[PDB]
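A.B. asks: Quick one: structure below, then a few questions.
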Amino acid sequence: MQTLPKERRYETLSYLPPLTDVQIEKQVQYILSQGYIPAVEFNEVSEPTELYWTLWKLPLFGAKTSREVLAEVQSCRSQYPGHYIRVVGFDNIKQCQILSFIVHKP
Amino acid sequence: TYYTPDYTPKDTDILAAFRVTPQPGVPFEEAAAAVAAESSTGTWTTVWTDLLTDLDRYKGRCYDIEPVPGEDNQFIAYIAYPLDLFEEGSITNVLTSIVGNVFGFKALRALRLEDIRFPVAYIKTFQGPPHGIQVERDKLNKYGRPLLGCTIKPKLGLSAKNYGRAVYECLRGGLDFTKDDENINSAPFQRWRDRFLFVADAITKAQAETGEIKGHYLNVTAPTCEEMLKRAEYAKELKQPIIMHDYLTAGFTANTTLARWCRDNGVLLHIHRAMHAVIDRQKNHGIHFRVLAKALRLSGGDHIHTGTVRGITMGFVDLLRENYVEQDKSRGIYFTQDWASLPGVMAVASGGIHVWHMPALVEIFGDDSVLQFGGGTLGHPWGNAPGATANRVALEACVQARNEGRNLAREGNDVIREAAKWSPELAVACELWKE
Amino acid sequence: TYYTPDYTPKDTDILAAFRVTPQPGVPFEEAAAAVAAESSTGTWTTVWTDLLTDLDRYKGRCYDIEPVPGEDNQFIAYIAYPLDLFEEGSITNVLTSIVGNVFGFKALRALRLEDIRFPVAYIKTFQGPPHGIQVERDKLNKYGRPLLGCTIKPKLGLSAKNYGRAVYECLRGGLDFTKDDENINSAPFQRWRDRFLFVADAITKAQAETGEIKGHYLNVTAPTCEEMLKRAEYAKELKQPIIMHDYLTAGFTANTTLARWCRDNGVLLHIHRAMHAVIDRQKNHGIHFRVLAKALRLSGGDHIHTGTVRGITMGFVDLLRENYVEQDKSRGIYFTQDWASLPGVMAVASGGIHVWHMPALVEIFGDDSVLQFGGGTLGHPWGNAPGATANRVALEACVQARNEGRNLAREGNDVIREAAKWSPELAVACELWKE
Amino acid sequence: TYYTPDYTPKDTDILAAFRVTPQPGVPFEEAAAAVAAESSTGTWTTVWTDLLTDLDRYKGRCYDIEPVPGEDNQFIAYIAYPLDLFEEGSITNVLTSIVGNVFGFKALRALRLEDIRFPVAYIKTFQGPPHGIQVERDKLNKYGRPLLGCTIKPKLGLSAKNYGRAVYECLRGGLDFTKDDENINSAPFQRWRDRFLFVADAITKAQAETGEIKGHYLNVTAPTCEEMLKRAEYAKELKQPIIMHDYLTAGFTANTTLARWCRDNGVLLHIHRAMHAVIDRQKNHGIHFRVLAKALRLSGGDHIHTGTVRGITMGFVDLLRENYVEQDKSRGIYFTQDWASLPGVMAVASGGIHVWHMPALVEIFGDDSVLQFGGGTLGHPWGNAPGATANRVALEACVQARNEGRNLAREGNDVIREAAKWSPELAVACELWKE
Amino acid sequence: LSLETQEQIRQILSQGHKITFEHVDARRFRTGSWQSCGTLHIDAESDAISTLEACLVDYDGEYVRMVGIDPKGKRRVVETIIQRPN
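Chains as they are written, first to last, in UniProt numbering: chain F, 1 to 106; chain W, 24 to 332, 340 to 465; chain Y, 24 to 332, 340 to 465; chain S, 24 to 332, 340 to 465; chain R, 326 to 411.
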């Protein structure tokens, strides 16, 4: 028997070990493949009550390859090191977010 | 004067599919004209009062007979009912007019309603779901993945405080939701108001811990309509995002006043399908579940139990989620149903599943469904908190594998065993629930 | 640990009789322990939470197995449920706990609930009938004789005014009551409020004419619980002695809040048994009507449809009227039921009867029953008013013959033909509906 | 026709034990038939209206006479009353029908009701206690030990603020509860609303200090039923876990509407037994307290004053706590009472006890009781806060000694004195209240 | 095995009823939770007196009681406590 340690969790893909930049590339490849619109979001503090983070630039409407979304990730990581950042995927037919996962911790 | 094959159904008309088994020596035309008559403006004799009202306009009539392949005195009946004769925004009437006393007719041994089509004009009168799928994900802030629920065992026995602690350990590990059993109401051993107060202390505790929005379905089902509304006044008061109800047992009218109230107040409602197995079980007699699923979507409901797995089950699952669904006779769907922008109801999968059925249920149900483990979480060797982290890591593994582009039918047993290497809690559960 | 034959049922315990058809290769002990378990504190696996609560005290258990004569893999199962685990004054729970999902079990093909015994302790929590037989005769001032009702035909078509006049001519001749059809609710062609106003003008007219108390059953059945109560507020307002409801279709919870309201206000309620034929038809599958009849008596109801005729039908008729009924296996009754001073429900006989079935139905049903003619009154050669006086004189002839001391089985055709000599209206009806 | 010895009592029947003292020259049979008659369907003359109703079924009758040993014209009468004739969920009727005007009969000088048995069927109609013992311990989070209360002295004199401070110092030391006096209502010197506001400030103060859940019984007893509910609306508003009522003086109907309200809102109710001593004092005349204790358990109540000590007191103490209690004539119990899963009421011991009666009261009353010190806490040489710590350490010493396995009858004075060595507060109180 | 015990044994078995004997320790007697000991549905006097002396000795310091059971559906007719704890 083992007792479960207390951990502060971060929505989808947080119970898996922290993601490698290759695992990052495969999950955004899935966003552009299904035809959804990938975007970058940042916030100072992470809490269950607040449901709007500060949007980074615009949703990248013209995204051909998954590398263009990775370069937008590293430029925000450089600008705000002490911020929470996550990448989302808007769908245009069903008017809802498909995917929401957290990439950098302060 | 009830059997008219030449008739061509209109768009503002409700159409029904009956599987008929007549008494031997009864023709295929007369037993078809008898259920078309006995459901709407039908009488055993000619009465004089029929000459003042226009009988031709209001009457339901059989337009098509199809004999069932490989079956003797077994055929499908298609009857069309004018739109005007039903009352507006009430399941109670459509249920009452059609499938009233056409059942238990002396002319026929066995009868089964297979399907029911709603014209769009009739669909508009109802509220439908108080929220729907798209609305529901937005209030809870959860995307990408199927949602995870938990049923507390045993069903009746625990004190209000013991219930409060058994719920605390489960959401702590990383379950989305916890659930009350379908037969717990206001039992002498735990009164509802005490259960409602201790569950409130354990959600706020695990909310400030893990840092996510957590919930618990508070069964509201009550004998009278005052008690039901009054219990719900208390759940709103403790700021509870969700409650739940059994619609079949309380009745459609009980379920109706509730949904109006729930849209008024912005609480999400779970629906359990208690007492379904007595009507929809027999393939010769009863009403098919897909009829009752529609009736639910229209009554209103944010969640609904669909039952665990096959060709038949995906028929009425895509029927509750999609805006437009096409006629497919192999799947089990007889008519073209078109929903007028009405929000979708989320599929709930519960009843005897462990961490090895995990690859099978994410692929078939997809993304917009709730996966609920009754016996699979509590019965962990290490307790409720490790049993939860076990099922959480196993879902997130299959969802990551699916995106990258792996077939979970082929590499289904493969992704569960890789994940079992770096997490201790899944290694002891893979051992226990074997193949 | 569920199958225990040595157990001896207590007095404060609810007992049930199931007709079981197992899958071949399934023993008679395991399929019996599975429905005894799956209805109450039953789980497919051993869970750890069962060691904190006392499972021995709460569990339902099978105490007696009886093999059905002349039937293979067919036997009767007797299960006993402790009193404590059900909630007080609610049919919804007793229905939900027992016959929930024991149906559609993989271990068994066909299942049928035959009977259900209520201990007196449980019987006391309910209101039961708002009035009963004795109370009902006293409000209407009618003694000696069976009461006569009438169903207006056609079912859907007539205007609110035409309905108002077709009801006026029937009570004028000498019917006690008139009745709305089971599928008329708030149809576009006649709205409920208009129908409620014209029927009010025709009762007061024929009341001041013939000099007797007349009534009409105003169908109240509505989609939501607000509408139902609000329509009823209007019937009380026009001083209507009776209304009516369909209990199966609206649900038990809808039917419950109504009966409480009806006892509060002193209006007599008629209950139609719409949609009964789909459950109780098959002798291998469903629930027997006698279970649902009890459930009605307990929910509450002053009248109930029993269906027209035989050994089985008199079983559940004497079960609804008598205070004490004895176990009789040939009649169809499995248990000794004892009612604690609870008033009786009046039998309603409707569905395809004419003036020649008149001797047969006064003798079998007796004195405390309502005889209802759908097609038999309107379809008279001379109209609604002569068709009523026809059925009135034919009842009063059989009731006078019975008192003096004549067998109506022997001299049944004799009393109808003597009466046909001095009354012109019965001479033209004896002609038409022959043998 | 009232005295029938051959009669064997049924299970659904209420049975009563009367101690009768007839006028000299009156036989033992006629005075027994007269109290059996005058309580239920009894009249001094034969009236004609008795031949329309069935008198045999409804009548209460004396079945057994037992002469009291060593007493002339003194004997025990046993009368049985059919279940039907009482109204459901009302103490008011059962009290009214039986002990109405059989008292002050000319045929007899003295009369005393000793005991009263309730059939299980009748017990189910009531709510009973709003919570019970098991429920109550769970809301307060207190286990192992008897709970400690305090009565503020003097009874009438202190201002609303002075009351607020005298309550603050007591719970600070380490008492569980504080209590209002039985004659404080809405006295001119302190209005209820002011008293209700200052006690709210002192509980929140000592709650954040010692780090435990604290309470105070707020006397709600009011002249009218509006005022009573309206004062209680205010206690719920300041989030008070407990209030209290005097049931005898306000009446059973006042106490009833309250208990329904209290279960509705989840507030624990204390009951004081004010004005008990005028009825239950005399051994020849009145009603025994055990009858009234039963009547309380059924009316509802979470606490009840039992009185300080012996063979008689433990008779009605084990009668209020236990689920099943057996007939014991030496103890004072005449009938076998069986409670249907109804929760137990906690014993309250108050009236003239100090730190030396501490060993005697933990052993006799056991674990599930409340020990209350009126004069014993305030009258400490050092004040209210040390006087509280004196009684707290003295209880915890006896509870620890009991668990290890020491007899508190032999070593009772021993444990109090070896605790007096390391705590200064008990050394000055041991000094003051000596032997 | 008293004179009251064997007359009730004989009164139970003279009705065509079957005897069941049940024991309980003092703690579970609170909640009226008794259990069967020995052989159930006893239909003769000597089987009744033999398993009575088996259960008086097997559960001495417990309650023991005799049940008269009507074999028709197994209905409980008559209940009587023989042995009580010391």
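The C-beta atom is built at its ideal place from N, Cα and C for all residues, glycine as well.
Scan the region 174-242 of chain S and note each continuous alpha helix (DSSP H) run of 4 residues or more that stays entirely inside, going in chain order.
C.D. replies: Those alpha helix (DSSP H) runs which fall completely within the region 174-242 of chain S and span 4+ residues are 183-196 and 215-233.
A.B. asks: Whole angstroms are fine: how far does the CA of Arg168(Y) sit from the CA of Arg351(Y)?
C.D. replies: Between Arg351(Y) and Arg168(Y), the C-alpha separation is close to 16 Å.
A.B. asks: List, from N- to C-terminal side, the alpha helix (DSSP H) runs of 4 residues or more that fit wholly inside the region 85-115 of chain S.
C.D. replies: Counting whole runs of 4 or more residues, the region 85-115 of chain S contains no alpha helix (DSSP H) stretch at all.
A.B. asks: Between the region 94-110 of chain W and the region 40-49 of chain W, do three or more beta carbon pairs fall short of 8 Å?
C.D. replies: Touching, yes, given that three or more Cβ pairs across the two stretches are closer than 8 Å.
A.B. asks: Taking residue 107(F) as the reference, give the member of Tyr84(F), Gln79(F) and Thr49(F) with the closest Cα.
C.D. replies: Any question about residue 107(F) goes unanswered here, given that chain F covers just 1 to 106.
A.B. asks: Using the beta-carbon of each residue, which ones in chain Y are nearer than 8 Å to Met298(W)?
C.D. replies: Neighbours of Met298(W) on chain Y, chain order: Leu118, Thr119, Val122, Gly123 and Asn124.
A.B. asks: With distances taken Cα to Cα, identify the nearest neighbour of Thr72(W) among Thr174(Y), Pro264(Y), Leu261(Y) and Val301(Y).
C.D. replies: Of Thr174(Y), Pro264(Y), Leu261(Y) and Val301(Y), the residue nearest in Cα terms is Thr174(Y).
A.B. asks: Would you grab the beta carbon distance between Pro153(Y) and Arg286(Y) for me? Rounded to a whole angstrom, and I think it's under 8 Å.
C.D. replies: Rounded, the Cβ-Cβ distance is 4 Å, consistent with contact.
A.B. asks: Which residues, in chain order, does the region 84-100 of chain Y contribute to contact with chain R at a C-beta distance below 7 Å?
C.D. replies: Listed in sequence order: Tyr86 and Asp87.
A.B. asks: Rounded to whole angstroms, what's the CA-CA distance from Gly417(W) to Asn96(Y)? Just pull it up for me.
C.D. replies: One C-alpha to the other measures close to 41 Å.
A.B. asks: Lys147(S) versus chain Y: which residues are under 8 Å apart at the beta carbon?
C.D. replies: Chain Y residues near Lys147(S): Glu111, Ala144, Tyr145, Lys147 and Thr148.
A.B. asks: Nearest chain Y C-beta to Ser63(S) closer than 9 Å, yes or no?
C.D. replies: Not one chain Y Cβ lies under 9 Å of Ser63(S).
A.B. asks: Could you check what DSSP says for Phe149(W) in three-state terms: helix, strand or coil?
C.D. replies: Correct three-state label for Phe149(W): coil.
A.B. asks: Indicate whether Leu338(R) and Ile374(R) have their beta-carbon atoms separated by less than 9 Å.
C.D. replies: The answer is no: Cβ separation not under 9 Å.
A.B. asks: Measuring only between beta-carbons, confirm whether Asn353(S) sits less than 9 Å from chain R.
C.D. replies: Answer yes: the Cβ-Cβ gap between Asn353(S) and chain R drops below 9 Å somewhere.
A.B. asks: Locate the alpha helix (DSSP H) running through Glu44(F), then write down its first and last residues.
C.D. replies: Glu44(F) -> no alpha helix (DSSP H), and no H or E assigned at all.
A.B. asks: When the Cα of residue 506(S) is compared with those of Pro177(S), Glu137(S) and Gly381(S), which residue comes out closest?
C.D. replies: Chain S is shown only over 24 to 465; residue 506(S) falls outside these bounds and no answer can be derived.
A.B. asks: Use the C-beta contact count for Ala55(Y): other C-beta atoms within 10 angstroms, 16 or more gives buried, fewer gives exposed.
C.D. replies: With 16 or more other Cβ atoms within 10 Å, it is buried.
A.B. asks: Considering just the uninterrupted stretch of the alpha helix (DSSP H) at residue 333(Y), what are its terminal residues?
C.D. replies: Gap note for chain Y: numbering proceeds from 332 to 340 with nothing in between, so residue 333(Y) has no coordinates.
A.B. asks: In the DSSP assignment, find the beta strand (DSSP E) that holds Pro45(Y) and state where it starts and stops.
C.D. replies: Here the beta strand (DSSP E) through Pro45(Y) covers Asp36 to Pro45.
A.B. asks: Evaluate contact between the region 81-90 of chain W and the region 393-401 of chain Y, counting only Cβ atoms and requiring at least three cross-stretch pairs below 8 Å.
C.D. replies: No, the region 81-90 of chain W is not in contact with the region 393-401 of chain Y.
A.B. asks: Can you check whether the CB of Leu170(Y) is closer than 9 Å to the CB of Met344(Y)?
C.D. replies: For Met344(Y) and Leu170(Y), no; Cβs fall outside 9 Å.
A.B. asks: What ranges does the alpha helix (DSSP H) occupy inside the region 369-415 of chain S, keeping only unbroken runs of at least 4 residues that lie completely in it?
C.D. replies: Runs of the alpha helix (DSSP H) inside the region 369-415 of chain S: 388-395 and 405-408.
A.B. asks: Which full runs of the alpha helix (DSSP H) of 4+ residues lie inside the region 261-324 of chain S, going along the chain?
C.D. replies: Counting whole runs of 4 or more residues, the region 261-324 of chain S contains the alpha helix (DSSP H) stretches 270-273, 275-288 and 312-322.
A.B. asks: Please list, in chain order, all residues of the same chain as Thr27(S) whose beta carbon is under 6 Å from its beta carbon, the five residues on each side excluded.
C.D. replies: Closer than 6 Å at the Cβ level, and outside the excluded window around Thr27(S), lie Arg84.
A.B. asks: Taking all protein chains shown into account, decide if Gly155(Y) is buried (16 or more other Cβ within 10 angstroms of its Cβ) or exposed.
C.D. replies: Classification of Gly155(Y): buried, given that the 10 Å Cβ count is 16 or more.
A.B. asks: Starting from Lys176(Y), find everything on chain W with Cβ-Cβ shorter than 8 Å and list it in chain order.
C.D. replies: Those are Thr66, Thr68, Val70, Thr72 and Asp73, listed as they occur along chain W.
A.B. asks: Just checking: is the beta-carbon of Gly289(S) within a distance shorter than 9 Å of some beta-carbon in chain C?
C.D. replies: Protein chains in the displayed structure are F, W, Y, S and R, and chain C is not among them.
A.B. asks: Which class does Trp56(F) belong to by DSSP, given the choice of helix, strand or coil?
C.D. replies: If DSSP states are grouped into helix, strand and coil, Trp56(F) belongs with the strands.
A.B. asks: Quick one: grab the DSSP three-state call for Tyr354(Y).
C.D. replies: Strand.
A.B. asks: Using the beta-carbon of each residue, which ones in chain F are nearer than 9 Å to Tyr166(W)?
C.D. replies: What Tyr166(W) touches in chain F: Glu11, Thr12, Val88, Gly89, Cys96, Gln97, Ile98, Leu99, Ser100 and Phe101.
A.B. asks: Along chain F, in chain order, which residues have C-beta atoms closer than 7 Å to that of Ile236(W)?
C.D. replies: The contacting residues are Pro48.
A.B. asks: Check whether the Cβ atoms of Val87(F) and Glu50(F) lie closer than 9 Å to each other.
C.D. replies: Contact: no.
A.B. asks: Name the DSSP beta bridge partners of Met391(R), please?
C.D. replies: Looking at the DSSP assignment, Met391(R) forms a beta bridge with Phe346(R) and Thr405(R).
A.B. asks: Should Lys64(F) and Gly435(W) be called a contact, given that it needs their Cβ atoms to be closer than 9 Å?
C.D. replies: Their beta carbons are not under 9 Å apart, which means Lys64(F) does not touch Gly435(W) by this criterion.
A.B. asks: Determine the closest residue to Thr407(W) out of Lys202(W), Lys228(W) and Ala144(W), with distance taken between C-alpha atoms.
C.D. replies: Nearest option by C-alpha distance: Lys202(W).
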